[PDB]
> 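Can you read through this structure? Questions will come right after.
Heavy-atom basis, side chains included; hydrogens, waters and symmetry copies ignored. Both ligands and their constituent atoms are indexed starting at 1 by order of listing. Residue indices begin at 1 and follow the sequence shown.
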Amino acid sequence: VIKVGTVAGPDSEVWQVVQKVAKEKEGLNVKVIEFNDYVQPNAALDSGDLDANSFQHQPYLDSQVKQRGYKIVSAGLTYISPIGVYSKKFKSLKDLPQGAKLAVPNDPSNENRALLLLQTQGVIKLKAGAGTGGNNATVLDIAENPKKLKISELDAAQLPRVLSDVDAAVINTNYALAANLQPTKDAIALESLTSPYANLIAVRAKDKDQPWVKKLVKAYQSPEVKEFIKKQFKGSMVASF
Ligand code: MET
């Protein structure tokens, strides 16, 4: 019995399809264990409670390894989902008022990612080398902030639920979709597909060469799953296979 941890929302939806493919094509018995946010699946994998997880990109895994020394590696890529900026109050970042309130994720890699997107969009400039080379930028690394934006750093999962009280927020696509935001229609700015944020299936290092691993990855990287991703998420998630 293969226990795969994932985050409730689009990932869990995809995994219902993968579960079916894994059984029919690979003879695997997959159980999908859902988590509400990003915090626990690596710890649960490290401890043996899971056999794999499928919720993160490589910069996130790298950050987690730096923090906890997890012996966890990628077994293969799943999809990429360009992060968007959302607003209930403005149609463009150019419309932000003086002293506008923004919210971004507060974990090292996604906070860095959000600040880079804001930099790309010309809203801010980070201090030299703050967000590159593996370094992660925070709001304290902002060198230029012409509009004197007030940037809150909040838990990634909470961001959709503060939209009424900020002028814009940078929100991970899994959470945006779960909150009925559509990245291809509602976002006022969007990250490029040429980013390092493809998501992945992670397993314990010691298990990386087990036969079930390649079989599981094959089940995910299947025509059925690609078709589901295309149809269900309308281009906000792009298969990485
Ligand atoms: C936990 S790292 C972020 C994962 C999320 N699915 C994203 O691609 O934005």
> Is there a side-chain contact (heavy atoms from CB on, under 4.5 Å) between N172 and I83 once you walk through the steps?
CA-CA 5 Å; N172 293 269; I83 197 162; 3.8 Å; yes
> Go through ligand 1 atom by atom and flag the ones less than 4.0 Å from a non-hydrogen atom of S81.
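In order of numbering, the contacting atoms are 7 (C), 8 (O).
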> Can you name the nearest heavy-atom pair linking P41 to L50, along with the distance?
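Result for this residue pair: O-CD1, 3.5 Å.
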> As a check for students: among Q58, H57, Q56, identify the option with a heavy atom nearest to atom 3 (C) of ligand 1.
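The option holding the nearest heavy atom is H57.
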> Numbering the atoms of ligand 1 from 1, which are under 4.0 Å from a heavy atom of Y38?
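Those qualifying, in numeric order: 1 (C), 3 (C), 4 (C), 5 (C).
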> Relative to the heavy atoms of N174, which atoms of ligand 1 are at a distance of less than 4.0 Å?
5 (C), 6 (N)
> Please state which protein non-hydrogen atom is closest to atom 6 (N) of ligand 1 and give its distance, to 0.1 Å?
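Going atom by atom, the protein heavy atom closest to atom 6 (N) of ligand 1 ends up being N199 OD1, 2.8 Å.
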> Could you tell me whether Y79 approaches ligand 1 through its side chain, its backbone, both or neither, with non-hydrogen atoms closer than 4.0 Å?
side chain
> Can you spot which of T184, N180, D186 makes a side-chain hydrogen bond (donor to acceptor under 3.5 Å, both in side chains) with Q182?
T184
> How far does CG of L115 sit from CD of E153, to the nearest 0.5 angstrom?
7.5 Å
> Tell me which part of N110 gets within contact of ligand 1: side chain, backbone, both or neither, using heavy atoms under 4.0 Å.
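Answer for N110: side chain.
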> Check whether any N or O atom of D11, backbone or side chain, sits under 3.5 Å from an N or O atom of ligand 1, and answer yes or no.
no
> Does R113 approach ligand 1 within less than 4.0 angstrom via side chain, backbone, both or neither, non-hydrogen atoms only?
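Looking at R113 and ligand 1, just side chain atoms fall under 4.0 Å.
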> Using side-chain contact (heavy atoms from CB on, under 4.5 Å), reason through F228 and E13 one step at a time and then give a plain yes or no.
CA-CA 9 Å; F228 181 79; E13 296 184 359; 4.1 Å; yes
> Is the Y38-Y60 ring centre distance short of 6.0 angstrom?
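Centroid distance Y38-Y60: below 6.0 Å, so yes.
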> Specify the protein heavy atom at minimum distance from atom 4 (C) of ligand 1: its residue, its atom name, and the distance to 0.1 Å.
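Of every protein heavy atom, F55 O, 3.3 Å lies nearest to atom 4 (C) of ligand 1.
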> Do the non-hydrogen side-chain atoms of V225 and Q221 ever get within less than 4.5 Å of each other?
no
> Of all the atoms in ligand 1, which lie at a distance below 4.0 Å from a heavy atom belonging to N172?
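What qualifies from ligand 1 is 3 (C), 7 (C), 9 (O).
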> Among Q56, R68, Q67, whose side-chain hydrogen bond (donor to acceptor under 3.5 Å, both in side chains) with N42 holds?
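Checked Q56, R68, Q67 against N42; only one passes side-chain hydrogen bond (donor to acceptor under 3.5 Å, both in side chains): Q56.
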> So, is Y60 polar-close to ligand 1, with some N/O to N/O distance under 3.5 Å?
no
